[PDB]
Amino acid sequence: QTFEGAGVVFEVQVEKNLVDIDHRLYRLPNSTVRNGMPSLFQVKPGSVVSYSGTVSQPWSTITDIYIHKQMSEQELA
Amino acid sequence: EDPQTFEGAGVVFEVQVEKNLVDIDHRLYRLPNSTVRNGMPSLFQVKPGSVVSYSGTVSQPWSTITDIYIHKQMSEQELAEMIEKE
Ligand SMILES: [Cl-]
Ligand code: NA
């Protein structure tokens, strides 16, 4: 039922609530929020992330995601 | 590098909800009610024993955590699945 991982965002599809992390697709609903802002609009290609969620088919749902501030800057460079 | 922002990781040892303070690896940080994740203040989610990644702004007397994530060490890990496949 639950999972946790870490990786690098390669692509974000805001219109489909999907995020591509290390070539794996996850559902990233607007309900995954931090400081009143949906995380779907904060993650970008190159973001280094820690995430957790619930197992679902075909793609698992991320219900919590954190952007590594120093590592995402190093990844983009 | 921004000298006004900070980021770290550690273990929560104590939480003082009445003073908006969190003790991580015996250092103290301000954890205001405005640091919210999924509509809930993170101050009431962190507990002694929580493993955390956090970031914020340098401030006086304590630096302010504006973003904090609890590591789910008890959940099944994608890295474990990766090591099992490799
Ligand atoms: Cl929120
Ligand atoms: Na900084």
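Thresholds applied
Positions are assigned from 1 on a per-chain basis following the written sequence, which can diverge from the numbering of the entry; residues without coordinates are not listed. The lettering of chains begins at A and the numbering of ligands begins at 1, in the order of writing. Just so you know, side-chain values use all the structure's heavy atoms and leave hydrogens and water out. Residues with missing side-chain atoms are left out of burial classes, side-chain pairs and their counts. A run of H or I in DSSP counts as a helix once it spans at least four residues, and a run of E counts as a strand once it spans at least two, with each numbered from the N terminus. Burial status follows relative accessibility: with a 1.4 Å probe on protein chains alone, a residue under 20% of its type maximum counts as buried, one over 50% as exposed, and anything between as partly exposed. Pairs of N or O atoms are called polar contacts if they sit within 3.5 Å, as long as, within protein, a hydrogen donor faces a hydrogen acceptor (for residues adjacent in sequence, only side-chain-to-side-chain pairs). Contacts are residue-level and defined by heavy atoms, with any inter-residue pair within 4.5 Å sufficient. Two parts lose some accessible area (1.4 Å probe) when they are put together, and adding that loss for both gives the buried area. For this document, the term salt bridge refers to a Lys or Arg side-chain nitrogen within 4 Å of an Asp or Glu carboxyl oxygen. Classification of ring pairs rests on two measures: the distance between centres of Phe, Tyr or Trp rings, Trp counted by its six-membered ring, which must be within 6.5 Å, and the angle between planes, read as stacked under 30 degrees, edge-to-face over 60 and tilted in between. In short, DSSP must find at least two bridges between two strands for them to pair.

Student: Which parts of the structure should I look at to understand the environment of A:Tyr51?
Tutor: Along the chain, the position of A:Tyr51 falls in strand β6 (residues 48-54). Note on A:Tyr51: relative accessible area 0%, which makes it buried. Along the sequence, A:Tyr51 and A:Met37 sit 14 residues apart, while their C-alpha atoms lie 16 Å from each other. Only 2.5 Å separates the side chain of A:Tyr51 from the side chain of B:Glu78, close enough to count as a polar contact.

Student: Looking at this model, I keep getting lost on the interface of chain B and chain A. Mind explaining?
Tutor: By convention, interface size is frequently given as the accessible area that disappears when the constituent parts associate. With 22 residues of chain B in contact, the opposing surface of chain A contributes 23 residues. Between chain B and chain A, a total of about 1,700 Å² is buried, with carbon and sulfur atoms accounting for 36% of that surface. Applying the counting criterion to the chain B and chain A interface returns 5 salt bridges. Between B:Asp67 and A:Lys69 there is a salt bridge whose closest N-O contact spans 2.8 Å. For the pair chain B and chain A, the number of links is 25 residue pairs in polar contact.

Student: Please explain the packing of aromatic side chains as it appears in this structure.
Tutor: Two aromatic rings, taken as a pair, are described by how far apart their centres are and by the angle between their planes. Inspection of the entire model under this criterion finds 7 aromatic pairs over all chains. Note on A:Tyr66 and B:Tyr69: the rings are 6.4 Å apart at their centroids and 35° apart in plane angle, and the pair reads as tilted. You can see A:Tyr66 sitting in strand β7 (residues 61-67) and its partner B:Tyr69 sitting in strand β7 (residues 64-70), one on each of two chains. Exposure class is identical for A:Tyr66 and B:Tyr69. Each is buried.

Student: Explanation requested: the pairing of β6(A) in the structure shown.
Tutor: Across a regular strand the side chains alternate sides, sitting on one face of the sheet and then on the other. Residues and elements named next belong to chain A. With 6 of its 7 residues buried, β6 lies for the most part within the structure. Where strand β1 (residues 2-13) and β6 come together, 7 bridges link them in antiparallel fashion. Within β6, the position partnered with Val8 by the bridge is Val48. Here β6 pairs with β7 via 6 bridges, running antiparallel. Residue pairing for β7: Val49 is matched across the bridge by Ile67. Between the antiparallel neighbours β6 and β7 lie 6 residues.

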